[PDB]
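A short worksheet on the structure shown next.
Basis: the model, the stated rules and, where named, an outside source; no laboratory instrument gave them. Every residue, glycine as well, gets a Cβ built from its backbone with ideal geometry; the counts of neighbours run over all protein chains shown.
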Ligand SMILES: [Cl-]
Ligand SMILES: [Cl-]
């Protein structure tokens, strides 16, 4: 196994689709585990087969209690940086205090948690931080100063002290699935950049932990190391590195499926890599790339089954089977897909304009997924083409099957008209649903301003925080295009306000992987940039 030039990475990935992974050394033959197996230390290890060797063991200061030296953690090098990380086992009740003493004695500023607390009812790691307020863990008082919950990870700011108090930031990756590795490595690369951002140049080693302290924790350390190697050597050698880190902590990467995943992340980071940009700071090429996002046509069964054919305005813009909106019972089908927002999963329902023969279903979707906000981006007719069925009453009330819609208020503001309805189901019988009907999109082309588009996003956000905080029903006609533009800018703008960063490309690309042809035309993509420019001023 020799190094792969990045020039040939994509090809070698194809060719290798297990044997490589099985040739790695299990770090056990050049190692010594005397200290880890001491009787005194038995109860301190979560898994008795996954133990630090004596040489790279993190060694705590001796606290007159015997065998107080020990913790299940080991130093791990980065690409050209001795001891960049500490790969630690996720602490348990009995070692929570010893854990913080490590963070303190090692001068660490960052903890990377790659596990959830419980997994399918099995406790994979004990909570070692206060929910609210403060807690003294031994001679170290930890205090929560902030918690920010984004969709793929959450971020916690601690203030630890026993003279100078110190700020430790915990980055907790929530998205990692129970069984197997993730799906895209998109989330993990963004997460890994946020760690680079929040760790100070002067700080101690980064504490990375999962359950056993080898596996996720390993795939994470390797992906960082190998990004470094690309950015320096223009070549990647995953095999020689995993081999190296195992002689510091054995078993570092745990699965065949994990080893492959390092490569996928590395490829993603090469092919698409730098498309993020800071709000401080051509599109043609980026759009070509977006357009080469494969459509998972295998994974589109339900939407193509014969009965469901007739229910779609465009038999080509149709939900993937995994993130499709499913209703109470082929009556389970509505051309509509769940889409991740910036702060939570399944935050938007991106749907088509109801057909005259799918209003019943439409309103069942709204009712069954507790939607209270509808964003409409077309008019009923456009250029003499019937682009959406009017599903809402204008004057009185209308009953679409079991649901009843009665219109309470209807205010035509600048660009957006804003209707209010009492949706009933013929004491949890009645809701108030609010429709934002955007008249600011031209019958042909994109709008040339985007003040009115900023003002709609903004309007829908207040409505969300008030009628808090359910999934938003966005539709136009085809159910991807404008819906896409809107969902994209919603997420892009939230993050600009929040992180002061801007990655339109990945934003849209992430939309393409949830529903086909989401942002659709280069016009609409250009527009995204244009609205962000307008927002910045
Ligand atoms: Cl949890
Ligand atoms: Cl694991």
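Of note:
- Residue match in the stretch 464-479 (condition: touching a helix residue (DSSP H, G or I) at 6+ places or on another chain (Cβ under 9 Å) and either within 17 Å of residue 534 (Cβ to Cβ) or assigned to a helix (DSSP H, G or I) (or both)): no
- On inspection, residue 76 does not qualify as farther than 27 Å from residue 236 by Cβ, surrounded by 18 or more Cβ atoms within 10 Å (Cβ to Cβ) and either outside the structural domain of residue 138 (by CATH) or touching a strand residue (DSSP E or B) at 6+ places or on another chain (Cβ under 7 Å) (or both).
- Residue match in the stretch 496-503 (condition: closer than 30 Å to residue 274 by Cα and assigned to a loop (DSSP other than H, G, I, E, B)): yes
- The lone exception for residue 129 - which of (1) surrounded by 15 or more Cβ atoms within 10 Å (Cβ to Cβ); (2) within 16 Å of ligand 2 (Cβ to nearest atom) it fails: (2)
- Selection of the stretch 3-34 for residues being exposed (fewer than 12 other Cβ atoms within 10 Å of the Cβ) and within 18 Å of residue 246 (Cα to Cα) yields 18, 19, 22, 23, 26, 29, 30, 32, 34.
- Number of the condition not met by residue 242 [criteria: (1) buried (at least 21 other Cβ atoms within 10 Å of the Cβ); (2) more than 16 Å from ligand 2 (Cβ to nearest atom)]: (2)
- Of the candidates 253, 236, the single residue that is buried (at least 20 other Cβ atoms within 10 Å of the Cβ), away from ligand 1 (no atom under 16 Å from the Cβ), in the same structural domain as residue 267 (by CATH) and under 24 Å from residue 28 (Cα atoms) is 253.
- Leading residue by the ranking (surrounded by the most Cβ atoms within 10 Å (Cβ to Cβ)) among those in the stretch 44-59 that are touching a strand residue (DSSP E or B) at 6+ places or on another chain (Cβ under 9 Å) and more than 18 Å from residue 248 (Cβ to Cβ): 46
- Per the listing 265, 312, the residue uniquely assigned by CATH to the domain that holds residue 178 and surrounded by 15 or more Cβ atoms within 10 Å (Cβ to Cβ) is 265.
- For the stretch 75-109, taking the residues that are in contact with a helix residue (DSSP H, G or I) (Cβ under 6 Å, 6 or more places away or on another chain) and under 30 Å from residue 230 (Cβ atoms), the one that is nearest to ligand 2 (Cβ to nearest atom) is identified as 87.
To keep it simple, each residue is scored yes or no on (1) assigned by CATH to the domain that holds residue 502; (2) within 16 Å of ligand 1 (Cβ to nearest atom); (3) surrounded by 16 or more Cβ atoms within 10 Å (Cβ to Cβ); (4) in a helix (DSSP H, G or I).
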{"position": "195", "(1), (2), (3), (4)": "no, no, yes, yes"}
{"position": "202", "(1), (2), (3), (4)": "no, no, no, no"}
{"position": "211", "(1), (2), (3), (4)": "no, yes, yes, no"}
{"position": "214", "(1), (2), (3), (4)": "no, no, yes, no"}
{"position": "218", "(1), (2), (3), (4)": "no, no, yes, yes"}
{"position": "224", "(1), (2), (3), (4)": "no, no, yes, yes"}
{"position": "259", "(1), (2), (3), (4)": "no, no, yes, yes"}
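- Qualifying residue in the stretch 181-204 (condition: more than 16 Å from the chain's Cα centre (by Cα) and either within 16 Å of ligand 2 (Cβ to nearest atom) or on the phi > 0 side of the Ramachandran plot (or both)): no
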